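Only one chain is included here, represented as C-alpha coordinates and corresponding to the form deposited in one PDB entry.
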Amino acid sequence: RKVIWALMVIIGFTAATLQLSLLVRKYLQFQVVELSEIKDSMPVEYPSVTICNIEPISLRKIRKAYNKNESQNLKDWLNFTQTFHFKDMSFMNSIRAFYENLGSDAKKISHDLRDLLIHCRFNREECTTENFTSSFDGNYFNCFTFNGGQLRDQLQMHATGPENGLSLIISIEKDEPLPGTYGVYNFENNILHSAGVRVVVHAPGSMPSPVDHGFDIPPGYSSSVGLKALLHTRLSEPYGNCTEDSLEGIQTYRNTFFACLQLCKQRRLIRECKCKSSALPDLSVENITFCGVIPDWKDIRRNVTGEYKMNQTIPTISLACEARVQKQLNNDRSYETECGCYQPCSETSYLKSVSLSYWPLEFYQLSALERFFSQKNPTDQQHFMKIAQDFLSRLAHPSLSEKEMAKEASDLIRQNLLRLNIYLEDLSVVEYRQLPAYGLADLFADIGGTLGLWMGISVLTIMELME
(Lines give C-alpha, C1' and ligand atoms only; values in the text may rest on other atoms or scores of the structure.)
Protein backbone atom coordinates (compact mmCIF):
# COMPACT_ATOMS: atom_id res chain seq x y z
CA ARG A 1 0.00 0.00 0.00
CA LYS A 2 0.98 3.66 -0.31
CA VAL A 3 1.21 4.04 3.48
CA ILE A 4 4.31 1.83 3.29
CA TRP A 5 5.56 4.19 0.57
CA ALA A 6 4.99 7.24 2.78
CA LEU A 7 6.65 5.69 5.84
CA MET A 8 9.53 4.46 3.70
CA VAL A 9 10.05 7.95 2.25
CA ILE A 10 9.90 9.58 5.68
CA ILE A 11 12.56 7.24 7.08
CA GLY A 12 14.87 8.35 4.28
CA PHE A 13 13.98 11.92 5.20
CA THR A 14 15.05 11.23 8.79
CA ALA A 15 18.32 9.72 7.55
CA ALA A 16 18.99 12.79 5.40
CA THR A 17 18.26 15.05 8.37
CA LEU A 18 20.74 13.04 10.44
CA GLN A 19 23.32 13.55 7.70
CA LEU A 20 22.67 17.30 7.65
CA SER A 21 22.95 17.59 11.43
CA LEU A 22 26.14 15.52 11.53
CA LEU A 23 27.85 17.53 8.80
CA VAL A 24 26.77 20.86 10.32
CA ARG A 25 28.04 19.85 13.76
CA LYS A 26 31.32 18.76 12.18
CA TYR A 27 31.67 22.12 10.45
CA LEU A 28 30.92 23.92 13.73
CA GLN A 29 33.84 22.05 15.32
CA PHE A 30 36.44 24.27 13.72
CA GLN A 31 39.18 21.66 13.47
CA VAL A 32 42.55 22.54 11.94
CA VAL A 33 45.15 20.51 10.06
CA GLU A 34 48.81 21.51 10.00
CA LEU A 35 51.04 20.89 7.00
CA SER A 36 54.76 21.59 6.64
CA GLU A 37 56.11 22.79 3.30
CA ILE A 38 59.54 24.01 2.23
CA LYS A 39 59.28 27.55 0.85
CA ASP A 40 62.03 28.56 -1.56
CA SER A 41 62.53 32.05 -2.99
CA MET A 42 60.96 33.31 0.23
CA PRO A 43 63.12 36.17 1.56
CA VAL A 44 64.82 35.13 4.79
CA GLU A 45 65.19 37.71 7.55
CA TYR A 46 68.36 37.73 9.60
CA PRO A 47 67.45 37.31 13.29
CA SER A 48 67.99 39.73 16.12
CA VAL A 49 71.18 38.92 18.01
CA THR A 50 71.50 39.97 21.65
CA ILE A 51 74.91 39.62 23.31
CA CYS A 52 75.50 40.03 27.04
CA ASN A 53 78.68 39.74 29.09
CA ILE A 54 78.49 37.00 31.70
CA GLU A 55 80.56 38.97 34.21
CA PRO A 56 78.12 41.84 34.85
CA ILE A 57 80.56 44.13 36.67
CA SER A 58 84.14 45.05 35.82
CA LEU A 59 86.03 45.22 39.10
CA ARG A 60 88.84 47.31 37.59
CA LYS A 61 86.31 50.00 36.69
CA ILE A 62 85.18 50.06 40.32
CA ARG A 63 88.81 50.27 41.43
CA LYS A 64 89.76 53.22 39.26
CA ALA A 65 86.50 55.07 39.90
CA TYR A 66 87.34 54.42 43.55
CA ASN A 67 90.53 56.44 42.99
CA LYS A 68 88.65 59.09 41.01
CA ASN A 69 87.58 62.29 42.71
CA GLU A 70 84.38 62.05 40.67
CA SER A 71 81.78 59.28 41.13
CA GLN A 72 81.01 60.07 44.76
CA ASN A 73 77.64 58.31 44.69
CA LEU A 74 79.56 55.04 44.37
CA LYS A 75 81.56 55.68 47.54
CA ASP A 76 78.40 56.75 49.35
CA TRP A 77 76.47 53.66 48.27
CA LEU A 78 79.28 51.19 49.00
CA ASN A 79 80.11 52.62 52.43
CA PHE A 80 76.36 52.75 53.17
CA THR A 81 75.74 49.13 52.23
CA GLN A 82 78.69 47.95 54.33
CA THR A 83 77.93 50.09 57.38
CA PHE A 84 74.37 48.81 58.04
CA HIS A 85 72.51 45.50 58.19
CA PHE A 86 69.89 44.48 55.62
CA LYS A 87 67.45 41.63 55.44
CA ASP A 88 67.84 39.81 52.11
CA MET A 89 71.52 40.65 51.84
CA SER A 90 71.73 38.58 48.64
CA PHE A 91 69.98 41.49 46.89
CA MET A 92 71.99 44.32 48.46
CA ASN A 93 75.20 42.77 47.10
CA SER A 94 73.49 42.08 43.76
CA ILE A 95 73.76 44.31 40.71
CA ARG A 96 70.06 45.18 40.85
CA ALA A 97 70.68 47.25 43.98
CA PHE A 98 73.38 49.14 42.07
CA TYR A 99 70.99 49.72 39.18
CA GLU A 100 67.98 50.78 41.24
CA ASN A 101 69.67 52.99 43.82
CA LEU A 102 72.16 54.68 41.44
CA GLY A 103 70.08 55.56 38.40
CA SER A 104 72.79 57.00 36.15
CA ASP A 105 76.09 56.35 37.95
CA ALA A 106 75.56 52.61 37.44
CA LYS A 107 76.62 53.04 33.81
CA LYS A 108 80.14 53.69 35.15
CA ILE A 109 80.53 50.14 36.51
CA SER A 110 79.22 48.02 33.66
CA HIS A 111 80.91 47.08 30.39
CA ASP A 112 80.69 49.48 27.47
CA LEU A 113 80.15 48.04 24.01
CA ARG A 114 83.27 49.81 22.77
CA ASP A 115 85.28 47.92 25.39
CA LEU A 116 83.70 44.59 24.45
CA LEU A 117 83.21 44.65 20.68
CA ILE A 118 86.59 45.01 18.99
CA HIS A 119 85.46 43.81 15.57
CA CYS A 120 82.11 43.43 13.82
CA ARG A 121 81.29 42.53 10.24
CA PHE A 122 77.96 41.86 8.54
CA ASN A 123 77.54 40.69 4.94
CA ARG A 124 81.19 41.56 4.28
CA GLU A 125 80.58 45.14 5.45
CA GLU A 126 82.25 46.59 8.53
CA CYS A 127 80.15 47.33 11.61
CA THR A 128 80.67 49.76 14.44
CA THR A 129 79.11 50.07 17.87
CA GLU A 130 76.70 52.49 16.18
CA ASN A 131 74.11 49.88 15.21
CA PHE A 132 73.83 48.01 18.50
CA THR A 133 71.11 49.04 20.97
CA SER A 134 71.73 48.69 24.70
CA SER A 135 69.16 47.44 27.20
CA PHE A 136 69.42 46.86 30.93
CA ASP A 137 69.21 43.26 32.07
CA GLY A 138 69.03 41.50 35.40
CA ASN A 139 72.11 39.48 36.41
CA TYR A 140 73.93 40.58 33.22
CA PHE A 141 73.15 44.33 33.53
CA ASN A 142 73.58 45.09 29.82
CA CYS A 143 72.49 43.36 26.65
CA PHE A 144 73.36 44.77 23.24
CA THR A 145 71.03 43.93 20.36
CA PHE A 146 72.02 43.83 16.70
CA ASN A 147 69.19 44.00 14.16
CA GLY A 148 66.68 44.94 16.84
CA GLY A 149 64.35 46.58 14.34
CA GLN A 150 64.58 50.12 15.76
CA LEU A 151 67.65 51.88 14.33
CA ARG A 152 67.15 50.37 10.87
CA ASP A 153 64.68 48.29 8.91
CA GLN A 154 64.90 44.51 9.21
CA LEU A 155 67.99 43.03 7.59
CA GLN A 156 67.72 40.21 5.09
CA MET A 157 69.98 37.36 4.07
CA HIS A 158 70.70 36.50 0.47
CA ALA A 159 73.63 34.12 1.03
CA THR A 160 74.74 31.31 3.32
CA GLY A 161 77.88 30.42 5.21
CA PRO A 162 80.14 32.16 7.70
CA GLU A 163 81.46 34.72 5.21
CA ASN A 164 78.10 36.37 4.59
CA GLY A 165 76.74 36.33 8.16
CA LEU A 166 77.55 38.33 11.26
CA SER A 167 81.07 37.97 12.65
CA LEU A 168 82.23 39.43 15.97
CA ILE A 169 85.58 39.51 17.71
CA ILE A 170 84.76 40.19 21.36
CA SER A 171 86.92 40.70 24.44
CA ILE A 172 85.22 39.66 27.68
CA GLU A 173 87.30 42.24 29.58
CA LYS A 174 88.54 39.77 32.18
CA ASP A 175 90.43 41.53 34.98
CA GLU A 176 93.38 40.44 37.09
CA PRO A 177 92.56 40.28 40.83
CA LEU A 178 94.73 42.14 43.29
CA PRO A 179 97.39 40.12 45.14
CA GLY A 180 95.71 40.13 48.55
CA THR A 181 92.00 40.12 47.72
CA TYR A 182 89.75 37.15 47.01
CA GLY A 183 86.09 36.79 46.17
CA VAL A 184 83.21 34.96 47.82
CA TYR A 185 81.49 32.21 45.86
CA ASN A 186 77.76 32.90 46.10
CA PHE A 187 76.61 29.31 46.50
CA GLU A 188 73.02 30.51 46.18
CA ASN A 189 73.20 31.43 42.49
CA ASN A 190 73.55 29.05 39.54
CA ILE A 191 74.83 31.57 36.99
CA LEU A 192 77.51 33.65 38.67
CA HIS A 193 81.29 33.31 38.51
CA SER A 194 81.62 32.33 34.84
CA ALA A 195 83.34 33.93 31.88
CA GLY A 196 82.12 34.09 28.31
CA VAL A 197 79.29 35.68 26.36
CA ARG A 198 75.56 34.96 26.59
CA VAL A 199 74.06 35.01 23.09
CA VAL A 200 70.36 35.09 22.22
CA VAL A 201 69.23 34.53 18.63
CA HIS A 202 65.59 35.57 18.48
CA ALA A 203 62.93 36.53 15.98
CA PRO A 204 63.49 39.95 14.37
CA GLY A 205 62.13 42.68 16.60
CA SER A 206 61.03 40.43 19.45
CA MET A 207 61.91 40.70 23.10
CA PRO A 208 65.15 39.05 24.28
CA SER A 209 65.42 36.81 27.34
CA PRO A 210 69.13 36.17 27.93
CA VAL A 211 68.75 34.09 31.09
CA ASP A 212 66.16 31.68 29.66
CA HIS A 213 66.81 31.45 25.92
CA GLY A 214 70.49 32.31 25.69
CA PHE A 215 73.50 30.07 25.26
CA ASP A 216 77.02 30.59 26.55
CA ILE A 217 80.17 31.08 24.47
CA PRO A 218 83.57 30.39 26.08
CA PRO A 219 86.64 32.58 25.57
CA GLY A 220 89.54 31.39 23.48
CA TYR A 221 87.40 29.60 20.90
CA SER A 222 85.91 30.62 17.59
CA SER A 223 82.31 29.50 17.99
CA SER A 224 80.04 29.26 14.95
CA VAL A 225 76.24 29.20 15.13
CA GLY A 226 74.49 27.89 12.03
CA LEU A 227 70.82 28.75 11.78
CA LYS A 228 67.87 27.27 9.91
CA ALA A 229 64.72 29.40 9.69
CA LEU A 230 61.26 28.11 10.58
CA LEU A 231 57.94 29.90 10.17
CA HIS A 232 54.74 29.01 12.03
CA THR A 233 51.48 30.36 10.61
CA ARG A 234 48.43 30.01 12.84
CA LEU A 235 44.75 30.71 12.27
CA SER A 236 42.73 33.41 14.00
CA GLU A 237 39.14 33.13 15.22
CA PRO A 238 37.04 31.06 14.99
CA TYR A 239 39.72 28.40 14.48
CA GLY A 240 41.76 29.65 17.43
CA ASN A 241 42.47 32.57 19.74
CA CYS A 242 45.74 33.64 18.10
CA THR A 243 46.39 37.35 17.56
CA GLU A 244 48.24 39.72 15.25
CA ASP A 245 48.83 42.32 17.97
CA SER A 246 52.23 43.41 19.29
CA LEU A 247 53.58 43.78 22.82
CA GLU A 248 53.97 47.25 24.29
CA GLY A 249 56.38 46.98 27.22
CA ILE A 250 58.90 49.80 27.18
CA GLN A 251 59.05 49.74 23.36
CA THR A 252 56.87 48.12 20.73
CA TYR A 253 57.93 44.47 20.47
CA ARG A 254 56.89 41.78 18.03
CA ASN A 255 54.59 39.41 19.88
CA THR A 256 55.94 36.30 21.58
CA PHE A 257 54.12 34.29 24.24
CA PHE A 258 57.00 34.18 26.73
CA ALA A 259 57.44 37.96 26.66
CA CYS A 260 53.70 38.41 27.17
CA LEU A 261 53.93 36.21 30.26
CA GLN A 262 56.85 38.27 31.58
CA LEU A 263 54.91 41.50 31.07
CA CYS A 264 51.93 39.88 32.81
CA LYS A 265 54.16 39.11 35.80
CA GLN A 266 55.35 42.72 35.90
CA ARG A 267 51.79 44.05 35.73
CA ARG A 268 50.75 41.69 38.52
CA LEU A 269 53.55 42.97 40.76
CA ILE A 270 52.62 46.58 40.01
CA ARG A 271 48.97 45.88 40.77
CA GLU A 272 49.60 43.94 43.97
CA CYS A 273 52.05 46.21 45.77
CA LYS A 274 52.80 49.30 43.76
CA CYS A 275 56.35 48.68 42.62
CA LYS A 276 58.06 46.88 39.75
CA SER A 277 60.93 44.40 39.77
CA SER A 278 64.30 44.69 38.05
CA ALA A 279 64.38 40.97 37.23
CA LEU A 280 61.38 41.49 34.93
CA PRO A 281 60.66 43.63 31.85
CA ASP A 282 60.48 47.37 32.40
CA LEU A 283 57.07 48.97 31.97
CA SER A 284 57.43 52.68 32.83
CA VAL A 285 54.09 53.22 34.59
CA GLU A 286 53.60 56.56 36.32
CA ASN A 287 53.97 56.80 40.12
CA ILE A 288 55.83 53.46 40.13
CA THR A 289 59.47 52.83 41.03
CA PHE A 290 61.59 49.71 41.40
CA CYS A 291 60.91 47.19 44.16
CA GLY A 292 64.15 47.65 46.05
CA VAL A 293 64.92 51.35 45.95
CA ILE A 294 65.70 52.65 49.43
CA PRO A 295 64.42 56.24 49.34
CA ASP A 296 66.80 58.85 50.73
CA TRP A 297 69.48 56.28 51.53
CA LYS A 298 71.90 59.20 51.35
CA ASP A 299 69.98 60.79 54.22
CA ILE A 300 69.87 57.42 55.99
CA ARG A 301 73.66 57.50 55.89
CA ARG A 302 73.97 60.90 57.50
CA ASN A 303 72.59 61.35 60.99
CA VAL A 304 72.39 65.12 61.07
CA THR A 305 70.08 64.33 63.99
CA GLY A 306 70.90 61.51 66.38
CA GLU A 307 69.77 58.41 64.52
CA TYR A 308 70.84 55.23 62.72
CA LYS A 309 73.02 53.37 65.16
CA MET A 310 75.55 51.23 63.29
CA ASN A 311 74.57 47.68 62.32
CA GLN A 312 70.97 48.85 62.13
CA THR A 313 68.23 47.06 60.22
CA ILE A 314 66.80 49.20 57.42
CA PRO A 315 63.14 48.20 56.83
CA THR A 316 62.52 47.37 53.17
CA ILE A 317 58.92 46.17 52.93
CA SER A 318 59.04 46.45 49.13
CA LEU A 319 61.76 43.80 48.89
CA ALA A 320 59.74 41.42 51.05
CA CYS A 321 56.68 42.07 48.89
CA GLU A 322 58.50 41.49 45.63
CA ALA A 323 60.28 38.38 46.91
CA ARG A 324 57.07 36.84 48.24
CA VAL A 325 55.22 37.45 44.98
CA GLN A 326 58.18 36.14 42.97
CA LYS A 327 58.13 32.92 44.98
CA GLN A 328 54.36 32.54 44.62
CA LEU A 329 54.54 33.07 40.85
CA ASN A 330 57.51 30.71 40.48
CA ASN A 331 55.82 27.90 42.42
CA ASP A 332 52.23 28.48 41.26
CA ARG A 333 51.20 28.60 37.61
CA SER A 334 47.64 29.94 37.73
CA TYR A 335 48.22 33.59 36.77
CA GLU A 336 48.81 32.49 33.17
CA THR A 337 45.08 31.92 32.61
CA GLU A 338 44.12 35.40 33.85
CA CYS A 339 46.11 37.82 31.67
CA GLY A 340 45.58 37.00 28.01
CA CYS A 341 48.81 36.09 26.21
CA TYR A 342 47.42 34.59 23.07
CA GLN A 343 49.88 32.92 20.73
CA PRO A 344 51.15 35.02 17.81
CA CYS A 345 49.53 34.32 14.46
CA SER A 346 52.88 34.26 12.64
CA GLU A 347 56.12 33.39 14.40
CA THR A 348 59.65 32.83 13.10
CA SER A 349 62.00 30.57 15.05
CA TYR A 350 65.43 29.11 14.39
CA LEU A 351 67.22 25.79 14.72
CA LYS A 352 70.81 26.46 15.78
CA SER A 353 73.95 24.33 15.70
CA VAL A 354 76.84 25.65 17.80
CA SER A 355 80.42 24.45 17.37
CA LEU A 356 83.87 25.42 18.63
CA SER A 357 87.35 25.58 17.17
CA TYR A 358 90.63 26.67 18.73
CA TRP A 359 91.30 30.36 18.12
CA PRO A 360 93.46 32.25 17.44
CA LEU A 361 96.49 30.36 16.20
CA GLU A 362 99.73 31.52 17.79
CA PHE A 363 101.32 32.46 14.47
CA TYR A 364 98.59 35.08 13.96
CA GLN A 365 98.18 36.28 17.56
CA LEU A 366 100.52 39.28 17.57
CA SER A 367 99.04 40.99 14.53
CA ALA A 368 95.53 40.41 15.86
CA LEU A 369 96.55 41.90 19.17
CA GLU A 370 98.13 44.82 17.31
CA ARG A 371 94.64 45.69 16.11
CA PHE A 372 93.07 45.32 19.55
CA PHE A 373 95.41 47.83 21.19
CA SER A 374 95.34 50.24 18.23
CA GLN A 375 91.55 50.72 18.14
CA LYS A 376 90.52 51.77 21.64
CA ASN A 377 91.49 54.85 23.63
CA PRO A 378 95.17 55.83 23.24
CA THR A 379 95.38 55.23 27.02
CA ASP A 380 96.84 51.72 27.07
CA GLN A 381 97.99 52.34 30.67
CA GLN A 382 96.96 48.92 32.01
CA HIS A 383 94.98 46.11 30.42
CA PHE A 384 94.80 42.37 31.06
CA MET A 385 96.66 41.70 27.79
CA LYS A 386 99.42 44.32 27.88
CA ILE A 387 101.85 41.61 29.01
CA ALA A 388 100.78 39.53 26.02
CA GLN A 389 101.66 42.29 23.58
CA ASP A 390 104.97 42.95 25.33
CA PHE A 391 105.94 39.27 25.16
CA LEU A 392 104.91 38.88 21.53
CA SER A 393 106.73 42.06 20.49
CA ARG A 394 109.87 40.91 22.29
CA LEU A 395 109.57 37.60 20.44
CA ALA A 396 109.10 39.12 16.99
CA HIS A 397 111.67 41.92 16.93
CA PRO A 398 114.89 40.35 18.20
CA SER A 399 114.13 28.80 22.21
CA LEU A 400 112.85 27.70 25.62
CA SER A 401 113.11 30.87 27.72
CA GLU A 402 111.01 32.49 25.00
CA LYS A 403 108.83 29.37 24.82
CA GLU A 404 107.47 30.29 28.24
CA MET A 405 106.74 33.85 27.10
CA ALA A 406 104.94 32.59 23.99
CA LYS A 407 102.92 30.17 26.13
CA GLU A 408 101.98 32.89 28.63
CA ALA A 409 100.97 35.34 25.90
CA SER A 410 98.78 32.72 24.24
CA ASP A 411 97.24 31.81 27.60
CA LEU A 412 96.28 35.43 28.28
CA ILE A 413 94.95 36.10 24.78
CA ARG A 414 92.86 32.93 24.79
CA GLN A 415 91.60 33.70 28.28
CA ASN A 416 90.30 37.06 27.07
CA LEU A 417 89.32 37.01 23.37
CA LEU A 418 86.66 35.08 21.48
CA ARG A 419 85.10 35.04 18.03
CA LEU A 420 81.46 34.46 17.13
CA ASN A 421 80.04 33.77 13.66
CA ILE A 422 76.25 33.66 13.29
CA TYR A 423 75.07 32.70 9.82
CA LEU A 424 72.26 31.03 7.90
CA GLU A 425 72.94 27.42 6.93
CA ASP A 426 70.23 27.29 4.27
CA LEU A 427 67.90 29.83 2.71
CA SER A 428 64.95 27.43 2.47
CA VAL A 429 62.26 28.20 5.05
CA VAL A 430 60.22 25.32 6.47
CA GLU A 431 56.72 26.69 7.05
CA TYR A 432 54.06 25.01 9.19
CA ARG A 433 50.70 26.28 7.94
CA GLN A 434 47.35 25.73 9.62
CA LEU A 435 44.38 24.96 7.39
CA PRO A 436 40.67 24.58 8.12
CA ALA A 437 40.17 20.83 8.42
CA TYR A 438 36.61 21.07 7.07
CA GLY A 439 36.13 24.36 5.23
CA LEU A 440 32.96 26.12 4.17
CA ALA A 441 33.35 24.99 0.55
CA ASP A 442 33.63 21.35 1.64
CA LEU A 443 30.43 21.61 3.69
CA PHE A 444 28.66 23.38 0.83
CA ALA A 445 29.65 20.57 -1.53
CA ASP A 446 28.62 17.80 0.87
CA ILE A 447 25.24 19.40 1.59
CA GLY A 448 24.25 20.61 -1.89
CA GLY A 449 23.73 17.04 -3.06
CA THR A 450 20.97 16.36 -0.55
CA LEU A 451 19.57 19.89 -0.17
CA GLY A 452 17.38 20.18 -3.25
CA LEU A 453 16.20 16.57 -3.38
CA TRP A 454 15.21 16.25 0.25
CA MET A 455 13.63 19.63 0.84
CA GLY A 456 11.75 18.98 -2.39
CA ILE A 457 10.51 15.70 -0.91
CA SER A 458 9.58 17.64 2.24
CA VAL A 459 7.66 20.26 0.24
CA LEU A 460 5.75 17.60 -1.70
CA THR A 461 4.83 15.66 1.44
CA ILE A 462 3.79 18.82 3.31
CA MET A 463 1.59 20.08 0.47
CA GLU A 464 0.00 16.65 0.07
CA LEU A 465 -0.72 16.19 3.79
CA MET A 466 -2.38 19.60 4.25
CA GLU A 467 -5.59 18.52 2.51
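The first residue of the sequence shown is number 1, and the count goes up from there. Here, rigid core means the biggest group of C-alpha atoms that superpose within 1.5 Å across both forms.
Form deposited in another entry: not shown, discussed below.
> Superposing the core, which one of 152, 158, 124, 85 shows a C-alpha shift reaching 2 Å or more between this form and the one not shown?
After core superposition, the single residue displaced by 2 Å or more is 85.
> For residue 290, does the CA position differ by 2 Å or more between this form and the one not shown when the superposition is done on the rigid core?
Moves: yes, 2 Å or greater.
> Determine, after fitting the two forms on their core, whether residue 272 shows a C-alpha shift of 2 Å or more between this form and the one not shown.
Comparing the forms between this form and the one not shown, which are aligned on their rigid core, residue 272 does shift its C-alpha by 2 Å or more.
> Superposing on the rigid core, do we see a C-alpha displacement of 2 Å or more at residue 317 between this form and the one not shown?
Yes, shifts by 2 Å or more.
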